There are 2 protein chains.
Amino acid sequence: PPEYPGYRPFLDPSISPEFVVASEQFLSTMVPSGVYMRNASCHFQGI
Amino acid sequence: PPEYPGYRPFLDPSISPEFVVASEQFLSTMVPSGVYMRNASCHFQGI
Ligand SMILES: *[C@@H]1O[C@H](CO)[C@@H](O)[C@H](O)[C@H]1NC(C)=O
Ligand SMILES: *[C@@H]1O[C@H](CO)[C@@H](O)[C@H](O)[C@H]1NC(C)=O
């Protein structure tokens, strides 16, 4: 993202309904079927 | 002023009370005491 320009008191920060689809409903294409568990030193069998 | 970037639906265009002073109340320093009248070809005695 572009660097911080400063506080803009006139920018409207509201959330749009299209943002609910672009961000949250899109993340489901990446959710896996199982999730691992790991040691502190490379051991995966459920800690 | 900078060139037109495009319609920003989120910019707040409201008028501020400081704009009433910066623009309108400042113009009084330039109003003259009398105003001329002119011909179409450089004649000033009240047309
Ligand atoms: C990794 O797991 C083994 C056995 O599961 C355990 O002995 C060891 O302490 C674990 N490593 C760490 C850093 O806790
Ligand atoms: C300028 O004024 C004179 C007399 O006041 C008049 O004869 C003349 O027509 C005027 N010029 C124009 C372009 O009207």
Side-chain angles (χ1 to χ4, degrees), chain A residues 1-46, chain B residues 1-46:
Chain A
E3 48 173 334
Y4 194 58
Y7 173 47
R8 313 299 201 191
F10 308 101
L11 253 192
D12 191 354
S14 299
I15 302 283
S16 54
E18 296 81 6
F19 175 71
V20 187
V21 173
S23 60
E24 191 164 18
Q25 303 181 185
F26 174 85
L27 286 165
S28 53
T29 74
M30 287 190 295
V31 176
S33 53
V35 174
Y36 285 111
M37 286 196 187
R38 186 168 67 96
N39 225 4
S41 71
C42 308
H43 187 267
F44 267 95
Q45 196 44 69
Chain B
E3 48 173 334
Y4 194 58
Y7 173 47
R8 313 299 201 191
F10 308 101
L11 253 192
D12 191 354
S14 299
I15 302 283
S16 54
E18 296 81 6
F19 175 71
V20 186
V21 173
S23 61
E24 190 164 18
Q25 303 181 186
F26 174 85
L27 286 165
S28 53
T29 74
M30 287 190 295
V31 176
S33 53
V35 174
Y36 285 111
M37 286 196 187
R38 186 168 67 96
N39 225 4
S41 71
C42 308
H43 187 267
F44 267 95
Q45 196 44 69

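Throughout, protein chains are lettered first and strands after them, A, B, ... in sequence-line order, and every chain is numbered starting at 1. Scope of the values below: all heavy atoms of this structure, side chains included, with no hydrogens, waters or symmetry mates.
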Exercise for review: For B:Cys42 and B:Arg38, work out which heavy atoms get closest and say how close.
Suggested key: N-NH1, 4.1 Å
Check your understanding: How is the hydrophobic cluster of B:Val31 composed, in terms of its other members, when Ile, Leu, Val, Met, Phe, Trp and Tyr link through side-chain heavy atoms under 4.5 Å apart, directly or indirectly?
Key -> none
Revision key, fill the gap. Those residues at least two apart in sequence (or on a different chain) that pass side-chain contact (heavy atoms from CB on, under 4.5 Å) with B:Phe26 are B:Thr29
All N/O donor-acceptor pairs, side-chain side in residues 10-24 of chain B, below 3.5 Å, sequence neighbours left out:
unit_1, atom_1, unit_2, atom_2, d
B:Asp12, OD1, B:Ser14, N, 3.3
B:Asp12, OD1, B:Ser14, OG, 2.9
B:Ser23, OG, B:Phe19, O, 2.6

